[PDB]
Structure formats: C-alpha cells, structure tokens
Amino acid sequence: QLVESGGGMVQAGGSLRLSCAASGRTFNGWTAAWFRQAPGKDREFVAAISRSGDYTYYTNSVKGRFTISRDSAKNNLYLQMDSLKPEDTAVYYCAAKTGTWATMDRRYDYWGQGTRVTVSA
C-alpha cells in the first residue's frame, strides 16, 4: 500500500523531499499525484506525473518551487519542495491512478496515509 515519508517542520525558505512507495508494487502503469490538506481546508491538488512519465503538471501556487519525479525503476515517487512558505503547511497525501491524470481527489484510486509538513514564519 502507498506510504509517505519525509515530512516534518522547517522554517520558511527551507527545502524538503517527500517520498512515496508501495511494498512490492511499482508506478510503471500508474498515474501518480500529490495532494495536500491545510488545516480546516479541503484536499487540494499539488502535482502529478503522467503514466508515460514524460509530462508533469503542477498547481500554480507551487509551480517553479516544487518538482514531482520518479526514480528509474519507478519504485518511488518524489516531491522536491523548495522555497517553502507558511501556506505550504498541510498534510501531504500520495495518490495513484490507472487512467490519465486528474486534479480531483475522488478521481484517484489509491491513497497513502499522509505525512505532516509544517512551515514556520
């Protein structure tokens, strides 16, 4: 099952790298995405990488600061979080999909448990 890791607390400006993997599974035939849920708010799209792996899509607020990618073997999904801001504070969720990418959480099939990221002023 999907498991996230790499969260914690960082002061504004810092960097993080979130990781997502599934035991005995690979992301070969899967569309993968990251969502986040700031406290009190709803799950919102962060980033996604296509099944082919040749195209990446980001929400405007994180475009140019975050980078989603996969390793060669496609065992792991990463989110490089650079130039962090306080509003990036949320619980980050890993999501997977068999079909083409979407930005709505209910369109994804499998989810991780979430990992907390807190950015302080």
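Numbering starts at 1 and runs along the sequence shown.
**Q** Give the stretch, out of 25 to 33 and 44 to 52, with the larger mean C-alpha temperature factor in the deposited entry.
**A** It is 25 to 33 that shows the higher mean C-alpha B-factor.
**Q** Do the CA atoms of 63 to 71 or those of 34 to 42 have the higher mean B-factor in the entry?
**A** Here the higher of the two C-alpha B-factor means belongs to 34 to 42.
**Q** What third of its chain's C-alpha B-factors does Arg106 belong to: lowest, middle or highest?
**A** Its C-alpha B-factor, which the entry lists for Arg106, ranks in the highest third among residues of this chain.
**Q** Rank-wise, by C-alpha B-factor, drop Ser19 into the lowest, middle or highest third of its chain.
**A** It falls in the bottom third of the chain.
**Q** Taking the values exactly as deposited, rank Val117 by C-alpha B-factor within its chain and report the matching third: lowest, middle or highest.
**A** Lowest third.
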